[PDB]
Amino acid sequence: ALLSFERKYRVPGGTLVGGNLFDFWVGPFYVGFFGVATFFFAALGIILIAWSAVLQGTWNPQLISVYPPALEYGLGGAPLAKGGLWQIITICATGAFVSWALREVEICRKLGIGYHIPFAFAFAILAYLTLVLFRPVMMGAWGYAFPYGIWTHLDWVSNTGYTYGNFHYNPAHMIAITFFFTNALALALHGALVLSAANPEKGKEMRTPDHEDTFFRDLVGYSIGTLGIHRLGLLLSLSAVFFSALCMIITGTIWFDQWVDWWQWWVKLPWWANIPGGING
């Protein structure tokens, strides 16, 4: 099963590891060395999680959860139902994600395209590794990490958030959100634009990229351009996830207090702070 055009591209090579050995396909999926690694890290990782579901006495994805070793075990090892599992699973996870990105690099090489995609993936892996690794190791316990389970990790969020107060007051978090909120606006536009032009009014001819630039200049008085909007949403996206990891790495480490209180540095600047009137006067 290939696509009508697929066969010409299916030449050998591009592999980082192993030469011709794993270089071949299964269905649409390319394999490669790292296709196998991914499988193995994902296989193992699922099995552990499956076997961590027994110790808790449920198969209910809603219920199932794998908690990190408690603050007492620190950065050391822990018994399996005691949070050792989570630790290996994280190894399996971090493995299967990185095996994934590298498999994506091997696909880039066969298709003679740029590495932009698995570069961008790495920003999501880094957010994750912040949460399960960089933050915990800076804080000295694997228990500070989020647990793996559908709602139970969302519990982790609301608890970790409110530890610091209303979390909205984390400035790096405000920045991260502004990117997330923008990017979605930039996705909505980019899609709506390209579609409007390929699907114009009834009976009309397909519009042109010139109509695209026009519509926006007509609208907000500027158009970033088609090479632009792609750089844009890619930036707005990686930006968003960068400040997300940033907002969380400073939290608990260089700032453990109530985030709203952080903003006093501004209020308490000398050339205003004691002037009567206002909110904080």
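Start at 1 and count along the sequence shown; that's the residue number.
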- Do the CA atoms of 81 to 89 or those of 207 to 215 have the higher mean B-factor in the entry? 81 to 89
- Note on the structure: Avg C-alpha B-factor, entry values, 108 to 116 vs 68 to 76, higher side is 68 to 76
- Go through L16, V260, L21, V267 one by one and give the residue whose Cα B-factor in the PDB entry is largest. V267
- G191, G165, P171, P136, ranked by C-alpha B-factor: the highest one: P136
- Of the three thirds of its chain by CA temperature factor, lowest, middle or highest, which one includes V157? middle
- Query: What third of its chain, lowest, middle or highest, does the C-alpha temperature factor of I177 fall into?
  - Reply: lowest
- Give the position of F243 by CA B-factor within its chain, expressed as the lowest, middle or highest third. middle
- Among the modelled residues of its chain, the C-alpha B-factor of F29 falls in the third labelled lowest
- Note on the structure: Assert third(CA B-factor, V132) within chain per record equals middle
